[PDB]
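# Structural features, examined
Now for the letters of each chain:
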Amino acid sequence: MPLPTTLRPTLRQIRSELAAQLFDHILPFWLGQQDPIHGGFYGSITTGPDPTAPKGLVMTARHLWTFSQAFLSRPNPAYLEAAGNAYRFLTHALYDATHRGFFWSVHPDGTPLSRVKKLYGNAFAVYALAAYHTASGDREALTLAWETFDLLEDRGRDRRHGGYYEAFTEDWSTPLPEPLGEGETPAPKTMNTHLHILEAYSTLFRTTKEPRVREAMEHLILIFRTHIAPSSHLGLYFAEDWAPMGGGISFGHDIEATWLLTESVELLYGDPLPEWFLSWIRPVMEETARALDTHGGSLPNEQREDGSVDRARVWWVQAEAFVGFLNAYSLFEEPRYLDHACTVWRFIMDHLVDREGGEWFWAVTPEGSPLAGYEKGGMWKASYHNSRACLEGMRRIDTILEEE
């Protein structure tokens, strides 16, 4: 059935706000947060940057990815420059020139701080280095992404039970598990790390079409189909043999996985996607659209193991719910998913945008009041989730308005 024409002016409106947010609000704030003494970007930002804060692998790679994609969407010199800044700091400070891969964190001046090799962070490095290669033509960045991929496969893969160990010691010799709560046996595997390895690989495969990436992608899809997302929620924490550990639901990770999973299975089998994939992913999406309805137009942060819900309205969760709802329309052609996206985007514009202090709040109450005691930028919040949501929104909405 044809698209309800009443959605057309709404989508054109949102498209324009996506572009203003990206280029007039998000990027200008981060452009002003580069370290002119040490390079890279400041490690922690609240009311202003703290240049004594350590700089994370994830955050630095997210800024590299963000400014690569922004230069590709609009070739402003400032973006390539910032990308180059994030790249040099990634490859001269966070890079372990002895044992390869990337350190978890370094000091302001780039001295290694946490030397552990987390696959989560090394994944993001691959993701961001592939983006940088595309945007800058830099051949060494792709070689480094390939070296890191090789480590993820050669040292990271559990070849007995499938999937990847969470983390390794500096020399990549000893797997380290993910620490959970006080007193509980730590988890050797997490959905979170597995999802972002998939995310990196889809993009490394898009950039290179190397069949070894596609094969690792296949492996990852089977892990998600069988162990991580068998039913309608993604399990959080798993033993080595994939037994579930702990519990709980991450609403943002659920919605995020549906479209990241879609990207990978589209890269593997093209459009239209397999019916088994549609049938698999649809109830996860339906669960998310009903949770948005129950919770009044925006997404809670998580369901704890004991059933209580963290009702904080967190920036990335909303952002990912936006891309996820657009993706669900393109998959199942049910315009109500667009209603949801529009609803989520309005929530973001109304409450998560900080027009006073810049960028987006980490989180607000279900009513929209900003939560105190969180940073604006740091180890856990960079420029990726929101910039991506704008770039993904712009490309997807355009396709909708030009075709459907």
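Thresholds, definitions, all that
Residues numbered from 1 in each chain as written, not as in the entry; some residues may be left out. Heavy atoms only, no water. Helix = DSSP H or I, 4+ residues; strand = E, 2+ residues; numbered from the N terminus. Rg over C-alpha atoms; globule rule 2.2 N^0.38 Å. Buried < 20%, exposed > 50% of the residue type's maximum accessible area, 1.4 Å probe, protein only. Contact = heavy atoms within 4.5 Å. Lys, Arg positive; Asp, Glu negative; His and termini not counted. Charge placed at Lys NZ, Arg CZ, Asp CG, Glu CD. Salt bridge = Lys/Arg side-chain N within 4 Å of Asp/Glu carboxyl O. Expected span 1.5 Å × (residues − 1). Disulfide = S-S within 2.5 Å. Pairing = 2+ DSSP bridges. Core = buried A, V, L, I, M, F, W, Y, C linked by side-chain atoms within 4.5 Å.

In terms of determination method and resolution, the entry is listed under X-ray crystallography at 2.050 Å.

## Regarding the overall build of the protein chain
From N to C terminus, the protein chain includes 12 helices and 15 strands. Its C-alpha atoms give the protein chain a radius of gyration of 20 Å, within 12% of the compact-globule value 22 Å for 404 residues. Dimensions of the protein chain, computed from the C-alpha atoms along their principal axes, are close to 60 × 45 × 45 Å. A buried classification covers 57% of the 404 residues belonging to the protein chain. Within the protein chain, contacts between residues at least 6 apart in sequence are counted, and of these 65% link residues at least 24 apart. Put simply, the protein chain has 35 plus and 54 minus side-chain charges, and the middle of one group is 2 Å from the middle of the other.

## Re the pattern of salt bridges
Between side chains of opposite charge, pairing is possible as soon as their charged atoms come close. All chains considered together, the criterion is met by 19 salt bridges. With its nearest N and O atoms 3.0 Å apart, the salt bridge here joins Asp-35 to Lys-55. One end of the pair, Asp-35, is in the loop between α1 (7-31) and β1 (44-45); the other, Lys-55, is in strand β3 (residues 55-56), with 20 residues separating them in the sequence. Across the pair, exposure class does not vary: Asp-35 and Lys-55 are buried alike. A salt bridge links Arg-336 to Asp-293; the nearest nitrogen and oxygen atoms lie 3.2 Å apart. A residue pair is termed long-range when its members are at least 10 positions apart, and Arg-336 in helix α11 (residues 336-352) and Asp-293 in helix α9 (residues 275-294) qualify at 43 residues. Counted as one network, the salt bridges with shared partners bring together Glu-199, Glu-256, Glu-320 and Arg-388.

## Notes on helix α10 (residues 315-332)
A turn of α-helix holds 3.6 residues, and therefore any two residues three or four places apart point the same way. Taking 1.5 Å per residue, 18 residues should reach 26 Å; α10 reaches 26 Å between its end C-alpha atoms and fits that length. Most of α10 sits inside the fold, with 17 of its 18 residues counted as buried. Downstream of α10 by one or two residues, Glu-333 has phi in the positive range, about 55 degrees.

## What about the state of the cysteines?
Summed over the entire model, instances satisfying the criterion amount to zero disulfides. Just so you know, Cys-342 is unpaired, no disulfide at all, and the nearest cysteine sulfur is the one on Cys-390, 15 Å from it.

## Looking at the sheet that holds strand β13 (residues 309-310)
Pairing is antiparallel across the open sheet formed by three strands, whose spatial order is β11-β12-β13. What marks the edges here is a single partner per strand, and that holds for β11 (249-250) and β13. Note: strand β12 (residues 302-303) against β13, two bridges, orientation antiparallel. When the sheet's bridge partners are listed, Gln-303 is paired in β13 with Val-309.

## With respect to helix α12 (residues 384-402)
In this model α12 runs 27 Å from its N-terminal to its C-terminal C-alpha over 19 residues, within 8% of the 27 Å that 1.5 Å per residue would give. The element α12 is largely enclosed, with a buried count of 15 among its 19 residues.

## Examining the sheet that holds strand β6 (residues 167-168)
Backbone-to-backbone hydrogen bonds pair the strands of a sheet. The strands run either parallel or antiparallel. Reading across the sheet, the three strands line up as β5-β6-β7 and stay open at both edges, with antiparallel pairing between neighbours. Two strands bound the open sheet, and with one partner strand each, they are β5 (117-118) and β7 (175-176).

## Re the nonpolar core
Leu-129, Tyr-201, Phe-224, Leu-261, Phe-322, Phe-325 and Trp-345 are the most contacted members of the largest nonpolar core, which has 139 residues in total. It is α10 that provides the largest number of residues to this core, a total of 13 residues.

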